[PDB]
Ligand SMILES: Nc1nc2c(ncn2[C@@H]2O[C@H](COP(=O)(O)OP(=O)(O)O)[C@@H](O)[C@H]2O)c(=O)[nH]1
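Single chain ahead, by itself, as structure tokens, in the form deposited without the named molecule.
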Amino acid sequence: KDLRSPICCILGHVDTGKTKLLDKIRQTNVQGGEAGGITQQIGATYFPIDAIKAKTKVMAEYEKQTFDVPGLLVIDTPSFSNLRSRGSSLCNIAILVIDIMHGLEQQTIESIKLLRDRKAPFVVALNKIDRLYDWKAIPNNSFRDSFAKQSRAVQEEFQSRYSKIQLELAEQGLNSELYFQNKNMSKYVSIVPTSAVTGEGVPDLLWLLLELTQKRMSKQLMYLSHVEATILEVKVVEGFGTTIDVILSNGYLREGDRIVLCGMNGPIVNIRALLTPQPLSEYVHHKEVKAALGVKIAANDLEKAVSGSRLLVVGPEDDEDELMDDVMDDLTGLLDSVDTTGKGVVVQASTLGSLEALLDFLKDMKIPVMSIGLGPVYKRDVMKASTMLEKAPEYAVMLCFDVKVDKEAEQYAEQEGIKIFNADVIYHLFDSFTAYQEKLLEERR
């Protein structure tokens, strides 16, 4: 069957060894040789199927192998992969990282709810097994071979910490099991013990990713001419100006293509350049690109482009206005969910998905929202909170999620009485906000 590469993503609490794990997955160096052809793309790293074979050679004695996909695509940055609205998904399968030395943490809890609300398929990487006392490492080994060669005390400690984490997941409404002991691969979460330091378990992880996607999600991997593209990030590049970084999940892109996307001031409508990184910052130019890959698009008027936006191509038969109204549905739908004349807090987020997640939580959690925005916070944005200084300074604050605040903007906010909360984590914004609300409640007199 004509399949394209599965797309996977990685997430989990901070300091769980996510980036380190990613680096281990990407290194050329494996047990007995090297994995060749591993290429850097825009926002993602690409693994041709031969590189996966090399990486999973040690897994062949423990499982049957399947190599029907052309390769594997991994998003390079650990929410950023959940940037579109809840309605769709570019990431085929997620990797939830759990620190075995700390178990379930609060940002793991958030991740799980996020994955659940999207019905995103995922596995967990039970990371940092090398931190178990007296663990003897065999670099880039399969988990089961290494585990069998451990002392008993080490195996006992693993079982103890693993069974506890297993109970924590069940408290979150998740049945989980070691991947090779899982009797229900679609309902029960598969656990893969890994080490970002040694590479142990990484072959298992890659084998599992290929297994779940090819055996249980082959329909999603079927290549189609229909264009599926989601804006990953908006970046200014010197000899191009403002560019957009997209993940092309299916279809073709051709330079010269007329494209429609969601913008902050309304819809945006031609591709000048299709760019990929040069490995020997400089880019390669392509007349056309085929899914699946991460690619950078150069075009005019991309300055106001929205992260999370779908990307549509205007064909011979399409009406541009209909296509423009289509992509704007996701952003516009968020606008009409807040009370603007009624008055509450200001909110700004990085993407459509993170904005939606924050808004739904805030409504769920009684906190009135007055205004919303996307991307980097400027003074213009914080001034929207000025209307809240006198009538109820309690709501004269900004809730910022995963966005940068300009020095210029944080200076101004403090000239006034505008408190700025900025976090990577929703419960952090909430905790900060309530504490501020409570600090005003013994401004008793």
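The first residue of the shown sequence is 1; numbering continues from there. Here the rigid core means the biggest group of C-alpha atoms that line up within 1.5 Å when the two forms are laid on top of each other.
One more form of this protein exists, namely the form solved in complex with the named molecule; it is left out here, but the text below deals with it.
Novice: Looking in the entry with it bound, is the named molecule within 4.5 Å of a heavy atom from each of 14, 20 and 195?
Specialist: Yes, the whole candidate spot contacts the named molecule.
Novice: Taking any heavy atom pair closer than or equal to 4.5 Å as contact, tell me whether residue 108 reaches the named molecule in the entry with it bound.
Specialist: No, no contact at 4.5 Å.
Novice: Does the named molecule get within 4.5 angstroms of any non-hydrogen atom of residue 127 in the entry with it bound?
Specialist: Within the cut-off, so yes.
Novice: Does residue 131 reach the named molecule in the entry with it bound if we count a contact as any heavy atom within 4.5 Å?
Specialist: Heavy-atom contact with the named molecule at 4.5 Å: present for residue 131.
Novice: Would you point out which of 195-203, 321-329, 339-347, 176-184 contains residues with a non-hydrogen atom within 4.5 Å of the named molecule in the entry with it bound?
Specialist: The contacting stretch is 195-203.
Novice: Taking the rigid core as reference, which of 121, 375, 71, 103 is displaced at the C-alpha by at least 2 Å between this form and the one not shown?
Specialist: After core superposition, the one over threshold is 375.
Novice: Inspect the rigid-core superposition and answer whether the C-alpha of residue 188 shifts by 2 angstroms or more between this form and the one not shown.
Specialist: After core superposition, the C-alpha of residue 188 moves less than 2 Å between this form and the one not shown.
Novice: For residue 165, is the CA shift between this form and the one not shown at least 2 Å following rigid-core superposition?
Specialist: No, its C-alpha moves less than 2 Å.
Novice: With both forms fitted on the core, give yes or no for whether the Cα of residue 48 moves by 2 angstroms or more between this form and the one not shown.
Specialist: The answer is no; the displacement is under 2 Å.
Novice: Work out whether the Cα atoms of residue 13 and residue 422 come closer together or move farther apart in the entry with it bound than they are in this form, the change being 3 angstroms or more.
Specialist: They are farther apart; the C-alpha distance rises by 3 Å or more in the entry with it bound.
Novice: Relative to what is shown, are the Cα atoms of residue 21 and residue 422 closer or farther apart in the entry with it bound, where the gap shifts by 3 Å or more?
Specialist: So the answer is farther.
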